[PDB]
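Just one chain is shown here, as structure tokens, and it is the form deposited in one PDB entry.
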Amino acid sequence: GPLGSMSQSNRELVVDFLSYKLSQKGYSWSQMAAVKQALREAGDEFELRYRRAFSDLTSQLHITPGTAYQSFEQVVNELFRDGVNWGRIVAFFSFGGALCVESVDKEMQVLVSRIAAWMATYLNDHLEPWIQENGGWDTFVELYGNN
């Protein structure tokens, strides 16, 4: 997209750095910063725990630009067919990250922003409404934060 100001992006870097240092001490820049950090911790632990059990998931999908959407939709639809919970939401994120890593391994990085949009839209329409009614983002931070 078009170029923003130098100052907007210098701000964004400063805030990222300061958010990180604040969270290291039990503080937070914002509810967003607290969620980002808890989610990164969560995905690391989920992957440390359980990747050995589905380590060839993204590989068996045989991803290509033409089949990527259908493969993403199939996994994500199955992942939540019998319901939503916090652990499956974490898995939804780990899976999208693995699918992006897989896409770059296969020299298909045009898929990374695509996966990002598909995830954002799914979060928006199918996950946040469950999140709202099950304690909100604060409950996720309470359950997965500082871990």
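Numbers for residues come from their place in the sequence shown, where the first is 1. Just so we're on the same page, rigid core means the largest C-alpha set that superposes within 1.5 Å between forms.
Q: For the higher mean C-alpha B factor in the entry, choose 5-13 or 20-28.
A: According to the entry, 20-28 carries the higher average C-alpha B-factor.
Q. Which is higher in the entry, the mean Cα B factor of 48-56 or that of 74-82?
A. The recorded data point to 48-56.
Q: Specify which of 36, 114, 106, 88 carries the largest Cα B factor in the deposited PDB entry.
A: Answer for 36, 114, 106, 88: 106, with the highest C-alpha B-factor.
Q. Between 100, 42, 61, 119, which one tops the list for C-alpha B-factor in the PDB entry?
A. Among 100, 42, 61, 119, the PDB entry lists the largest C-alpha B-factor for 61.
Omitted from view is the form deposited in another entry, to which the following refers.
(Q) Relative to the superposed rigid core, does residue 103 relocate between the shown form and the other one - that is, does its Cα move 2 Å or more? (A) It does not reach a 2 Å shift.
Q.
When the rigid core is used for the superposition, does residue 59 move between the shown form and the other one (threshold: C-alpha shift of 2 Å or more)?
A. Comparing the forms between the shown form and the other one, which are aligned on their rigid core, residue 59 does shift its C-alpha by 2 Å or more.
Q | Rigid core superposed: residue 22 CA moves 2 Å or more between the shown form and the other one | A | Yes, the C-alpha position differs by at least 2 Å between the shown form and the other one.
Q) How does the CA gap of residue 56 and residue 65 change in the other entry versus this form, closer or farther, if it moves 3 angstroms or more? A) Relative to the displayed form, residue 56 and residue 65 move farther apart in the other entry - a change of at least 3 Å between their C-alphas.
Q. Hey, the CA atoms of residue 46 and residue 57 end up closer or farther in the other entry than in the shown form, with the change being 3 Å or more?
A. Residues converge in the other entry, at least 3 Å closer.
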